[PDB]
Structure formats: structure tokens, C-alpha cells
Amino acid sequence: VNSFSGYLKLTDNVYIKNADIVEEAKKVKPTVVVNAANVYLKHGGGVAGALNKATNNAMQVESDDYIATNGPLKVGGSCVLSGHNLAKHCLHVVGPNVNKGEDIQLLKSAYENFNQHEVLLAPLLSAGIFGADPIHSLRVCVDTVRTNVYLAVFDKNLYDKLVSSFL
Ligand SMILES: O=C(NC[C@@]1(O)CCN(C(=O)c2cnc3[nH]ccc3c2)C1)c1cccc(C2CC2)n1
């Protein structure tokens with residue numbers, strides 16, 4: 001039993017809710033919140049910009065030190081950093097950005113990072129400003145993640161479409 005509330009159950013291990021991931025994280029304080037990161041950990045907009053803003057830019061400060069030490073992530077890769085005031089940990093995961101020409105096949109590799117964590121609060125990878133089809137992202141999620149994932153979808157219209165079209 002966990003503290004996530006109001007989710008629709010899609011499969012044995014995948015759950016979905018129309019919610020602002022920032023507000024959901026502040027309420028649940030999950031062990032792991034997933035950020036829709038880029039390889040530079042520049043949290044400018046989308047989910048990343050919102051999460052970072054909620055940390056009063058502490059996420060960005062920590063991220064800049066991480067990059068200075070380690071260099072950029074790989075597309076499809078991830079790193080674990082602090083969750084600040086939102087979660088114990090933040091798993092920064094880089095899905096391919098279609099608006100940069102990146103291989104959508106890397107979306108499965110990106111979701112594989114979730115399997116290293118027993119329970120996660122997450123957005124749909126590569127959705128939103130990353131330019132991929134969110135219906136496809138949900139499909140890859142369900143077919144790749146085996147751990148317990150609670151998906152927050154900000155847009156109510158998109159949420160209803162994801163549920164109604166789910167196979
Ligand atoms: O946001 C979208 N896409 C990006 C993602 O892939 C990564 C973050 N995603 C979220 O839904 C999300 C969740 N909580 C959040 N709190 C603050 C921000 C924020 C975002 C999915 C999105 C929104 C509306 C329509 C479309 C359609 C055209 C493709 N996309």
C-alpha cells in the first residue's frame with residue numbers, strides 16, 4: 001500500500017492521473033519523482049522548468065555541479081539527484097526530443113531507467129515540448145516499465161484521450 005490517490009489502473013504496474021506533477025510531488029513526497037530532462041540538465045521549460053521552479057532553482061544549481069563534474073547525459077540515459085522539497089530523489093531521464101531529430105527508438109531505453117526503482121511518480125517521457133506522440137509514449141511505458149509507475153498527465157484533454165484510446 002502506498003499514498004498515491006485517485007489514479008486509474010491501466011495494468012498490473014502502471015497507473016495514470018490527470019494531475020500537475022509538481023503538486024502531486026508536493027503532496028505525496030514520493031521516494032522518486034522523474035524529471036523530463038535534457039542531456040545538459042538545463043531545466044528551462046516543460047516538466048523540468050516546472051519542477052525546478054518549485055525547488056526555487058536548487059535543482060538547477062545541483063544539476064550544474066553534476067554536469068561540471070560528469071559531463072552531459074546520454075539520450076536515453078539518466079542520473080539520480082536530490083528530490084529537494086518534492087521527493088527523496090529525482091531521477092532525471094532523457095527521452096529523445098523529436099524537435100531535435102533524435103531517434104524515437106531511444107524512448108524504450110529511456111523508460112528502462114525506471115526499472116531501477118520500485119515505485120516512481122513520472123510524466124510521459126518525450127511528450128509535451130519533446131514532440132513525441134503521448135499515446136506512443138504511454139504504450140512504450142506499459143511495455144517497458146515493470147516497476148510501479150504513477151503517471152501524471154497535466155492536460156485534462158490529453159488524459160481523457162490517453163485513457164479512452166488505451167489498449
Ligand atoms: O506536457 C506535454 N508533453 C511533455 C511530457 O512528455 C513531459 C511532461 N509531460 C506532462 O504531461 C506534464 C506533467 N506535469 C507537469 N507539471 C508541469 C508541467 C507538466 C507536464 C508529458 C503535453 C501537454 C499538452 C499536450 C501535449 C501533446 C502535444 C503532445 N503534450
Side-chain angles (χ1 to χ4, degrees), residues 1-67 69-70 72-95 106-128 130 134 137-155 159 162-163:
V1 176
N2 63 51
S3 163
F4 290 102
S5 177
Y7 286 75
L8 179 71
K9 182 170 179 59
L10 293 177
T11 67
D12 178 65
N13 65 298
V14 179
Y15 294 80
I16 195 166
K17 184 182 179 177
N18 172 220
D20 182 345
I21 193 173
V22 171
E23 288 308 312
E24 188 75 8
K26 282 196 286 187
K27 161 174 112 58
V28 176
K29 299 292 246 77
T31 305
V32 180
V33 66
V34 173
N35 181 32
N38 59 52
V39 298
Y40 307 111
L41 302 179
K42 284 172 60 94
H43 309 302
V47 167
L51 290 172
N52 176 59
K53 179 177 174 185
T55 76
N56 183 44
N57 211 50
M59 177 180 286
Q60 191 64 67
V61 171
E62 178 195 31
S63 293
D64 287 350
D65 171 83
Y66 173 93
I67 297 286
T69 297
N70 300 107
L73 296 181
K74 301 172 179 177
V75 179
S78 71
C79 68
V80 180
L81 292 172
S82 180
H84 300 276
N85 52 318
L86 304 177
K88 188 173 191 300
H89 304 106
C90 179
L91 181 69
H92 295 272
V93 180
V94 183
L106 289 168
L107 187 55
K108 189 174 184 74
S109 300
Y111 273 117
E112 287 171 342
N113 295 285
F114 288 26
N115 289 322
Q116 300 294 317
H117 303 277
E118 287 193 354
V119 183
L120 315 87
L121 172 62
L124 284 169
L125 298 179
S126 297
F130 280 62
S137 182
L138 176 55
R139 186 75 259 164
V140 179
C141 181
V142 165
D143 293 340
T144 305
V145 182
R146 299 177 299 284
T147 55
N148 291 145
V149 57
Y150 289 83
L151 294 169
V153 176
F154 181 59
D155 190 74
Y159 170 84
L162 288 166
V163 168

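When reading the values below, keep in mind they use all heavy atoms of this one structure, side chains included, and skip hydrogens, waters and symmetry mates. One-based numbering along the sequence shown.
- Judged by distance alone, the side chain of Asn85 and the main-chain N or O of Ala54 form a donor-acceptor pair under 3.5 Å.
- To the nearest 0.5 angstrom, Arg139 atom CZ is 9.0 Å from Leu10 atom CG.
- Scanning all heavy atoms of the two residues, the minimum distance from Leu121 to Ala152 falls at CD1-CB, 4.3 Å.
- Across all their heavy atoms, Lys9 and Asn13 have their closest contact at NZ-N, 4.4 Å.
- For the atom pair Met59 CE and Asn57 CG, the distance stands at 10.0 Å (nearest 0.5 Å).
- No donor-acceptor distance shorter than 3.5 angstrom exists from the side chain of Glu62 to the backbone of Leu81, with no hydrogens or angles considered.
- Pairing each heavy atom of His117 with each of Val32, the nearest pair is ND1-CG2, 3.8 Å.
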Verdict with supporting geometry, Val33 and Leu120, side-chain contact (heavy atoms from CB on, under 4.5 Å): CA-CA 6 Å; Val33 66; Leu120 315 87; over 6 Å; no

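- The neighbour count for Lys42 NZ, taken as heavy atoms of other residues, nucleotides or ligands under 6.0 Å away, does not exceed 12.
- You'll find the side chain of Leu125 stays beyond 4.5 Å of the side chain of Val140, heavy atoms only.
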Derivation and outcome, side-chain contact (heavy atoms from CB on, under 4.5 Å), residues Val145 and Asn115: CA-CA 6 Å; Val145 182; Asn115 289 322; 3.9 Å; yes

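- Summarising the geometry of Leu151 relative to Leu124, their closest heavy-atom pair is CD1-CD2, 4.0 Å, with the distance given to 0.1 Å.
- Classified by interplanar angle (parallel below 30°, tilted 30° to 60°, perpendicular above 60°), the ring pair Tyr150/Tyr7 is perpendicular.
- Within the 4.5 Å cutoff, no side-chain heavy atoms of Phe114 are placed close to those of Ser78.
- Results of the side-chain contact (heavy atoms from CB on, under 4.5 Å) test with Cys79 over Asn113, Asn70, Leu41, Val94 single out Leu41 as the only residue that passes.
- Atom-to-atom distance recorded for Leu107:CG and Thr144:OG1 is 7.5 Å, nearest 0.5 angstrom.
- Taking 4.5 Å as the limit, every side-chain heavy atom of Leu138 sits out of range of all side-chain heavy atoms of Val153.
- You'll find the side chain of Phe4 reaches within 4.5 Å of the side chain of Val119, heavy atoms only.
- Between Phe130 and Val47, the closest side-chain pair of non-hydrogen atoms is not below 4.5 Å.
- Applying the 6.0 Å contact sphere to OH of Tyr159 captures more than 12 heavy atoms from other residues, nucleotides or ligands.
- The line from CD of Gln60 to CG of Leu51 is 12.0 Å long, rounded to the nearest 0.5 Å.
- Between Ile16 and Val163 the shortest heavy-atom distance is CG2-CG2, 4.3 Å.
- The CZ atom of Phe154 lies 10.0 Å from the CD atom of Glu23; values are rounded to the nearest 0.5 Å.
- The two residues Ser5 and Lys27 have their closest heavy-atom pair at CB-NZ, 4.2 Å.
- Note that NZ of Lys108 and OG of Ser137 are 12.0 Å apart. Values are rounded to the nearest 0.5 Å.
- With a 4.5 Å cut-off on side-chain heavy atoms, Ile67 and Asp64 do not count as touching.
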Let me have the donor-acceptor pairs involving side chains of residues 86-93, under 3.5 Å, with sequence neighbours excluded, atom names and distances please.
unit_1 : atom_1 : unit_2 : atom_2 : d
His89  : ND1    : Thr31  : O      : 3.4
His92  : ND1    : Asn35  : ND2    : 3.0

